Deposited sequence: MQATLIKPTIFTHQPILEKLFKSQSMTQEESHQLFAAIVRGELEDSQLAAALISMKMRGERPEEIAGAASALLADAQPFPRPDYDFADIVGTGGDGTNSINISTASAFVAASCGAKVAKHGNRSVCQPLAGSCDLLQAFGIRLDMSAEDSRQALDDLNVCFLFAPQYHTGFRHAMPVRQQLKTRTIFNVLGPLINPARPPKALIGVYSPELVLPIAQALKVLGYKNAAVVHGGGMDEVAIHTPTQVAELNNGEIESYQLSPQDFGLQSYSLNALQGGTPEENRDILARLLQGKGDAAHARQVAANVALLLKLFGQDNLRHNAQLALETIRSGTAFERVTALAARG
């Protein structure tokens, strides 16, 4: 029984990391009544979740996660919380393949993947085969439902409440490969710093949390709020498209469509035949990701990302993964 923890939440008091871990462990095991779960999520929502509580909940999910043979070499994740409802095109997947073509190791993780399916990539690839793909192709994809079997237990309540809760930010924090690096986008500017603070608690070494003009990614249409973890310290700052030596395009230039149309958009992009605005947005995101690997000149990183995209080399890497 976690009544003492619930009563504490009802008093608008924050849980310790240990208490949060205890409570969420019970949740992802399906031990709470719908009423208790809803009460917990809403009480935390109205007060405002703290970094230690976020790390505690993420820790509980990671403790129950399916195994993954973690490599010793440097590697990163690139993912966003999702959040806007305008159906803008996915940017993280293209960025992963472009970065991988450069030699950066990307063990991408995400929950409902639609784009990757559209390209013949198997979402239920074994952890061993994904690790082999990471070794050989510098990229793999870990589908959340395959690794966090207990994540399902909160879905009904989350759908019934139809409001954002802590679960909306936990997905990007529970990569089963436990990467030392990560570029993570969030749906609001106020979540950037606390999430970066949670990543520190979770043991990440180099990471950047971002939000720009309403989007959970490095923005091409507005300034981007960043919180960068490095050498044990977190630095807050903003970036502008000009800092990458890139033109600033409208959010409307990134508009997506049906699943088939998005598939074609991404294919054209990675083949070096995409829209200029799409290529710039990917270039900006790959650029910041590479900063986590020690490449500090963002303008330089963006220019070379644009060259990698033009080469079309990233699309054959998609084909290569699909063959695994």
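Engineer: Could you name the stretches of the deposited sequence that have no C-alpha atoms in this structure?
Structural biologist: No C-alpha for residues 1 to 11, 124 to 132, 345.
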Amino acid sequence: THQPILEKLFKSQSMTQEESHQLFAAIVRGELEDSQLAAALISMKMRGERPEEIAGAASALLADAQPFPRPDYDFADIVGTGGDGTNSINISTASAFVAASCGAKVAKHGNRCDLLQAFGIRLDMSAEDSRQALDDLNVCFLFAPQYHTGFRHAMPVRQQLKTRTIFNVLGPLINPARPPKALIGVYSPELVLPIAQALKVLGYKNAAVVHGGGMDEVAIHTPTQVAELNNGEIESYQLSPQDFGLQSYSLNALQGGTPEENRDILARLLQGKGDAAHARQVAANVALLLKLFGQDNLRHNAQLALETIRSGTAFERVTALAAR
From here on, numbers count along this sequence of modelled residues.
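Engineer: Pick between 226 to 234 and 91 to 99: the one whose mean CA B-factor in the entry is higher.
Structural biologist: Looking at the recorded C-alpha B-factors, 226 to 234 comes out higher on average.
Engineer: Of the two stretches 81 to 89 and 241 to 249, which shows the higher Cα B-factor on average in the entry?
Structural biologist: Comparing 81 to 89 with 241 to 249, the higher average CA B-factor belongs to 81 to 89.
Engineer: Hey, out of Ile195, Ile166, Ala182, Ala118, whose CA B-factor is highest in the deposited coordinates?
Structural biologist: Answer, based on the entry's C-alpha B-factors: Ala118.
Engineer: Choose from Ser188, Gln160, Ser130, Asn138 the residue with the greatest Cα B-factor as stated in the PDB record.
Structural biologist: Within the set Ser188, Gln160, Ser130, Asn138, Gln160 shows the top C-alpha B-factor.
Engineer: Relative to the other modelled residues of the same chain, rank the CA B-factor of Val209 and answer lowest, middle or highest third.
Structural biologist: Lowest third of the chain for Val209's C-alpha B-factor.
Engineer: In terms of the CA temperature factor given in the entry, to which third of its chain does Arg280 belong: lowest, middle or highest?
Structural biologist: For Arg280, whose C-alpha B-factor we compare with every modelled residue in the chain, the answer is the lowest third.
Engineer: How does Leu173 rank on Cα B-factor within its chain, lowest, middle or highest third?
Structural biologist: Ranked within chain, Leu173 CA B lands in the lowest tercile.
Engineer: Divide the modelled residues of the chain into thirds by Cα B-factor and specify which third, lowest, middle or highest, holds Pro156.
Structural biologist: For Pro156, the deposited C-alpha B-factor lands in the highest third.
Engineer: Taking the C-alpha B-factors as the PDB entry records them, is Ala107 in the lowest, middle or highest third of its chain?
Structural biologist: Its C-alpha B-factor, which the entry lists for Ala107, ranks in the lowest third among residues of this chain.
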